[PDB]
Asks: 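The structure that follows is given in the form of structure tokens.
FYI, side chains are in, hydrogens and waters are out, and symmetry mates aren't considered; it's all heavy atoms of this structure. In what follows, chains carry the letters A, B, and so on, assigned in the order in which the sequence lines appear, proteins first and then strands, with residues in each chain numbered from 1. One-based numbering, in listed order, for ligands and for the atoms of each.
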Amino acid sequence: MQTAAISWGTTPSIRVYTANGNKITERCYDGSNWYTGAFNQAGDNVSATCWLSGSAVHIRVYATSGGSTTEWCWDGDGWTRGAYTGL
Amino acid sequence: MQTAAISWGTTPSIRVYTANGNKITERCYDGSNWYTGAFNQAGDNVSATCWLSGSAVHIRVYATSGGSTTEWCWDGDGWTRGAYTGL
Amino acid sequence: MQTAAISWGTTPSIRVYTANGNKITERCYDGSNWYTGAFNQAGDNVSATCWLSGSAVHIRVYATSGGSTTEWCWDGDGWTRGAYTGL
Ligand SMILES: CC(=O)N[C@@H]1[C@@H](O)[C@H](O[C@@H]2O[C@H](CO)[C@H](O)[C@H](O)[C@H]2O[C@@H]2O[C@@H](C)[C@@H](O)[C@@H](O)[C@@H]2O)[C@@H](CO)O[C@H]1O
Ligand SMILES: CC(=O)N[C@@H]1[C@@H](O)[C@H](O[C@@H]2O[C@H](CO)[C@H](O)[C@H](O)[C@H]2O[C@@H]2O[C@@H](C)[C@@H](O)[C@@H](O)[C@@H]2O)[C@@H](CO)O[C@H]1O
Ligand SMILES: CC(=O)N[C@@H]1[C@@H](O)[C@H](O[C@@H]2O[C@H](CO)[C@H](O)[C@H](O)[C@H]2O[C@@H]2O[C@@H](C)[C@@H](O)[C@@H](O)[C@@H]2O)[C@@H](CO)O[C@H]1O
Ligand SMILES: CC(=O)N[C@@H]1[C@@H](O)[C@H](O[C@@H]2O[C@H](CO)[C@H](O)[C@H](O)[C@H]2O[C@@H]2O[C@@H](C)[C@@H](O)[C@@H](O)[C@@H]2O)[C@@H](CO)O[C@H]1O
Ligand SMILES: CC(=O)N[C@@H]1[C@@H](O)[C@H](O[C@@H]2O[C@H](CO)[C@H](O)[C@H](O)[C@H]2O[C@@H]2O[C@@H](C)[C@@H](O)[C@@H](O)[C@@H]2O)[C@@H](CO)O[C@H]1O
Ligand SMILES: C[C@@H]1O[C@@H](O)[C@@H](O)[C@H](O)[C@@H]1O
């Protein structure tokens with residue numbers, strides 16, 4: 001089991017991505033209780049980073065399985081495959 | 001052996017968390033010397049994130065031992081166990 | 001394969017570091033296409049963190065190989081080994 005953690009804002013909001021058995025899942029905190037997030041994608045290894053544009057959070061998750069990394073993008077309207085390619 | 005790194009402030013401060021032998025230790029930089037920090041807890045995988053309220057640094061460390069992740073919290077006066085649970 | 005991801009600014013700029021086949025390479029996004037960065041060092045594990053000084057980025061990459069971690073520094077003018085020592 002392996003995790004990546006990101007946070008933003010003043011509350012703050014926190015996201016923790018966990019890779020286990022080639023699935024990555026997400027736990028979220030937005031100032032109250034922890035809840036299971038909408039992120040669900042394949043991966044044995046995960047890293048993540050985020051930034052704010054004004055009030056909007058943008059997240060990028062790098063999900064690696066085998067020898068292959070897929071970027072997954074949150075920009076406010078669902079998780080979408082990003083343009084990242086590796087070496 | 002596996003690490004996690006955070007930073008904050010204009011100096012900046014840096015914390016590096018290392019998981020080896022199912023212990024996680026902490027090396028710190030506050031502008032001067034590297035030094036071993038107050039943090040340690042069990043874990044063989046580690047992620048971390050942090051934010052400022054000014055004023056005070058706040059650090060969350062996610063220590064995974066086997067199939068369980070524990071959150072450990074720095075909010076300016078000691079490490080305390082966080083409300084995080086997994087799936 | 002294992003990755004670490006950092007980002008800065010509003011474009012944003014992203015760097016993703018990937019340890020694979022016992023070496024760590026870098027993929028870079030500055031607002032258009034992805035490209036392969038100058039970071040290249042030995043290691044089985046990588047973590048990283050960054051901060052801005054105005055619009056100048058500073059990156060610290062912690063490359064681990066065996067029971068030892070080497071810190072690598074970007075401060076505008078190439079990569080330089082940093083003062084980090086482990087336990
Ligand atoms: C109290 C409050 O305002 N909470 C906000 C949340 O509702 C936002 O979570 C996102 O909310 C939308 C509906 O508005 C939808 O439910 C999304 O699934 C949910 O997204 C979560 O957070 C994302 C950043 C991703 O991590 C995603 O996988 C999660 O499920 C959040 C985020 O904008 O803001 C809170 O303030
Ligand atoms: C400032 C900011 O966060 N802007 C957001 C863009 O980054 C988002 O994605 C980019 O959208 C264009 C066309 O809409 C194109 O599809 C790019 O590939 C896409 O880039 C993504 O994000 C980059 C940061 C990289 O992660 C790249 O690999 C990704 O593919 C758009 C969503 O359309 O939202 C803006 O708000
Ligand atoms: C100039 C100076 O004193 N530097 C400050 C540090 O000493 C502070 O570190 C904390 O110091 C207290 C002693 O009063 C104690 O030893 C804490 O363990 C130490 O905390 C460190 O930093 C925290 C963020 C955690 O990483 C903790 O585990 C570390 O051990 C720091 C922050 O309190 O401020 C400097 O200015
Ligand atoms: C904005 C900020 O930095 N606030 C700090 C809180 O984050 C710290 O913990 C949270 O404290 C409130 C009680 O005042 C509440 O009890 C939350 O459960 C507690 O949550 C922790 O922190 C969250 C961000 C998550 O990491 C959560 O799982 C943790 O358990 C308090 C410490 O007493 O300090 C505030 O300054
Ligand atoms: C289009 C544009 O102007 N992009 C800039 C990049 O060229 C800069 O990156 C680097 O460029 C120099 C030569 O100009 C050299 O090739 C550097 O190695 C390269 O640095 C990259 O980015 C760094 C932050 C590191 O991640 C490094 O390992 C990378 O290879 C960047 C520098 O920030 O600025 C863009 O605007
Ligand atoms: C912020 C500092 O930058 C350089 O001076 C490094 O040698 C230190 O280890 C630290 O990363």
Asks: For ligand 3, give me the residues whose heavy-atom distance to it is below 4.0 Å, by chain and number please.
Replies: B/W8, B/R15, B/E26, B/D30, B/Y35, B/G37, B/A38, B/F39, B/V57, B/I59, B/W74, B/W79
Asks: Taking only heavy atoms of A/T10 into account, list the atoms of ligand 4 that are under 4.0 Å away from them.
Replies: 1 (C)
Asks: Under a 4.5 Å side-chain heavy-atom rule over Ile, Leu, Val, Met, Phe, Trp and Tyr, are B/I59 and A/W8 clustered together?
Replies: no
Asks: Is there a path of hydrophobic side-chain contacts, each under 4.5 Å between heavy atoms, that joins A/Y17 and A/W74?
Replies: yes
Asks: State whether the shortest distance between N or O atoms of B/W51 and N or O atoms of ligand 4 falls below 3.5 angstrom.
Replies: yes
Asks: I want to know if ligand 2 touches A/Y62 in the polar sense, i.e. an N/O pair below 3.5 angstrom.
Replies: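 No, no N or O pair falls under 3.5 Å.
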Asks: Out of all atoms in ligand 4, which are within 4.0 Å of some heavy atom of B/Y84? Include the element for each.
Replies: 28 (O)
Asks: Should C/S53 and C/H58 be marked as a side-chain hydrogen bond (donor to acceptor under 3.5 Å, both in side chains) after you check the CA-CA gap, both sets of side-chain angles, and the distance that decides it?
Replies: CA-CA 8 Å; C/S53 189; C/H58 296 266; 4.6 Å; no
Asks: Less than 3.5 Å apart, any donor N or O on the side chain of B/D44 or B/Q2 sitting next to an acceptor on the other?
Replies: no
Asks: Test your reading of the structure: does A/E71 have an N or O sitting under 3.5 Å from an N or O of ligand 2?
Replies: yes
Asks: Quick check: does any side chain N or O of B/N45 sit under 3.5 Å from a backbone N or O of A/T3, one acting as donor and the other as acceptor?
Replies: yes
Asks: As an exercise, identify every atom of ligand 4 less than 4.0 angstrom from a heavy atom of B/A83.
Replies: 27 (C), 28 (O), 29 (C), 30 (O)
Asks: Check ligand 4 against A/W34 and write out every atom of the ligand that is under 4.0 Å from a heavy-atom position of the residue.
Replies: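 With A/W34 as reference, the close atoms of ligand 4 come out as 27 (C), 28 (O).
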Asks: Looking only at the side chains, is there a donor atom on one of C/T25 and C/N40 sitting less than 3.5 Å from an acceptor on the other?
Replies: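 Absent: no donor and acceptor within the cut-off.
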Asks: Rounded at 0.5 Å granularity, tell me how far CH2 in A/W79 sits from CZ in A/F39.
Replies: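 Those atoms lie 5.5 Å apart.
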Asks: Can a donor-acceptor pair be found between the side chains of A/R15 and B/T49 at a distance below 3.5 Å?
Replies: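 Distance-only check fails for A/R15 and B/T49.
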Asks: Measure up the C/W34 and C/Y29 rings against each other and bin them: parallel (under 30°), tilted (30 to 60°), perpendicular (over 60°).
Replies: tilted
Asks: Report, in ascending order of atom number, the atoms of ligand 2 lying under 4.0 Å from any heavy atom of A/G82.
Replies: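 Under 4.0 Å from A/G82, ligand 2 has these atoms: 30 (O).
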Asks: Looking just at side-chain N and O atoms, do B/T69 and B/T64 make a donor-acceptor pair shorter than 3.5 Å?
Replies: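 The answer is yes; a qualifying pair exists.
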